[PDB]
Ligand SMILES: Nc1nc(=O)c2c(CCc3ccc(C(=O)N[C@@H](CCC(=O)O)C(=O)O)cc3)c[nH]c2[nH]1
């Protein structure tokens, strides 16, 4: 009955508690299979950790784990690409509730498959089967698309920015809880039992969506699935329609959103893997503080977003948000000490106030009956951003490690010079 | 945080060297404990490891049935006795300490010299 915000909380808790556990099991099984009994992290760096000599077997197991994560993520992304673009456009024609019930069920099934693989110490290729099965029903991306569309169907033009911000603040709060609860359950007496919370969270999400969610499509027509008009419903969303030159703005905004979330996704990973480097050498608690402060920008940019709107338009708010990201990443990439790193986290407090604005403006452009299609395409873009961010940034960091550590953050900050320019050029051009 | 080891030395082939890892600076009841060596002119050769309790003991087949890890948490020392030592064993044995998690640091010990001959 109440609303859709709890669904995203419960669904993001699943990802946050799932990805580290899944890769930890990958480490365990792949290492033990190759006769390697050592730490299940990557190679360390500095602070008297060894001699610097390469660990040929540890590097082999690390590469195998990365390759398997790549395989399962890529397979999941393709099945999700072919599924969400068919389940979104349909959602805006039958109701948001079924298209939110289905992916939660898929995630519960995926968590159950993962549990069954861990308890039986099964092969690691079988983890691909669970991800593929969940992808068919629409992955976590379809949950995101359904939630965002459901919000965009219950808010004016002059409110979608704030409503989307509220939803993404719930997303960030779920992420922070997942990360800081994993940092104490996964680490302490964990890696198997904490995965029960993933199944519990997904079961709760499905139950809340089915029996406690109130649909937002005020008129749900009757439409058949496997129609081909849900794939045509994004081609005749981006290419032919909207003829009053509102077609360029869609592409430019989509590109800006792509770049923005790519950088966000890459920099989170490099945060966690770079905090414990050579000149910083952070303890176990300081890393938890860093993760909490990284995920606290979600709910602290919301306060500014609502506060900034009273004086500046909905674009310049995102311009200042991008400036805050740029400043934070620049001062993090030069953070050769822990006061500097924490200041770097602190400056990024209006950091994730830009993404909400972008998707809200994307929604304000499409008709009232096409938010399903729009957010299906945006969810596909976000999945591709996940993949590319992981690949590019995890390949960049080791290369610029003995040359200038922190160039990943510097280059991420150079990337956001493009979204800021794009959004500013669009906003300047409307007014003239 | 510091881990200090003292069991090395010049022992004959077939001796019974007994390393201790007198750890402190942290809890040690919540930390996985490893062992590793850097043979002369070569790379790390991870030997064994043991979960915070003493139930998940794993070895490597080069040292299976010949190295016997142990820990005593009321004293905070990690052992690894070495029966039937061989000239291929001489190395600098380190004593790692991880939480068995990705976002956790590992604390390499100083490591002592075993000079089997
Ligand atoms: N703006 C925004 N902020 C977010 O935090 C967020 C999130 C959850 C956090 C998140 C999501 C995906 C990835 C990622 O890159 N890959 C996933 C893989 C997914 C899977 O395997 O199921 C991962 O966590 O590894 C990394 C982090 C989802 N959508 C989001 N949107």
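Bear in mind these aren't lab numbers, they're just calculated from the coordinates by the rules spelled out. Positions of Cβ are backbone-derived with ideal geometry, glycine not excepted, and every protein chain shown enters the neighbour counts.
Averaging Cα coordinates gives a centre for the range B:47-93 and one for the range A:333-381; these two points are 49 Å apart.
Normalised by the number of residues in the range A:242-432, the mean separation of alpha-carbon contacts (under 8 Å, six or more apart) gives a relative contact order of 37 percent. Centre-to-centre separation between the Cα atoms of the range A:1-67 and those of the range A:218-269: 33 Å. Centroid-to-centroid, using Cα positions, the range A:83-123 and the range A:397-420 are 35 Å apart. If I build a Gaussian network model for chain A, linking alpha-carbon pairs within less than 10 angstrom, which residue out of A:341, A:176, A:404 has the largest mean-square fluctuation? Most flexible of the set in this elastic network: A:404. Select from A:269, A:285, A:153 the residue whose mean-square fluctuation is largest in a Gaussian network model of chain A (Cα-Cα springs shorter than 10 Å). Of A:269, A:285, A:153, the most mobile in the Gaussian network model is A:285.
Take every pair of alpha-carbon atoms less than 8 Å apart whose residues are at least six positions apart; their mean separation over the length of chain A yields a relative contact order of 25 percent. From the square roots a ≥ b ≥ c of the eigenvalues of the alpha-carbon gyration tensor of chain A, which class results: rounded (a/c under 1.5), prolate (a/b over b/c), or oblate? The shape class here is oblate. When chain A is treated as a Gaussian network with alpha carbon springs shorter than 10 Å, the biggest mean-square fluctuation among A:244, A:17, A:142 belongs to A:244. Working note: 222 nm ellipticity from helices only, DSSP H runs with n ≥ 4, each -39,500 (n - 2.57), summed and divided by the residues of the protein assembly as shown, gives -20000 deg cm²/dmol to the nearest 500.
Going by neighbour counts of Cβ atoms within 10 Å, the residues B:61, A:55 line up, fewest first, as B:61, A:55. Overall form of the range B:2-116: prolate. Here a/c, set by the Cα gyration tensor axes a ≥ b ≥ c, is 1.5 or more, and a/b is the larger of a/b and b/c.
First check a/c for the range A:77-205, with a ≥ b ≥ c the square roots of the eigenvalues of its C-alpha gyration tensor; if it is under 1.5, answer rounded, and if not, answer prolate when a/b is larger than b/c or oblate otherwise.
It comes out oblate by the Cα gyration axes.
Label positions at residue A:207 and residue B:24, each projected 7 Å from the Cα along the C-beta direction, are separated by 5.0 nm. Taken over the alpha carbons of the range A:242-432 as equal point scatterers, the Debye sum produces base-10 log I(q)/I(0) values at 0.08 Å⁻¹ of -0.28.
Find the relative contact order for chain B and round it to a whole percent, using C-alpha pairs within less than 8 Å whose residues are 6+ positions apart. Across chain B, relative contact order equals 36 percent.
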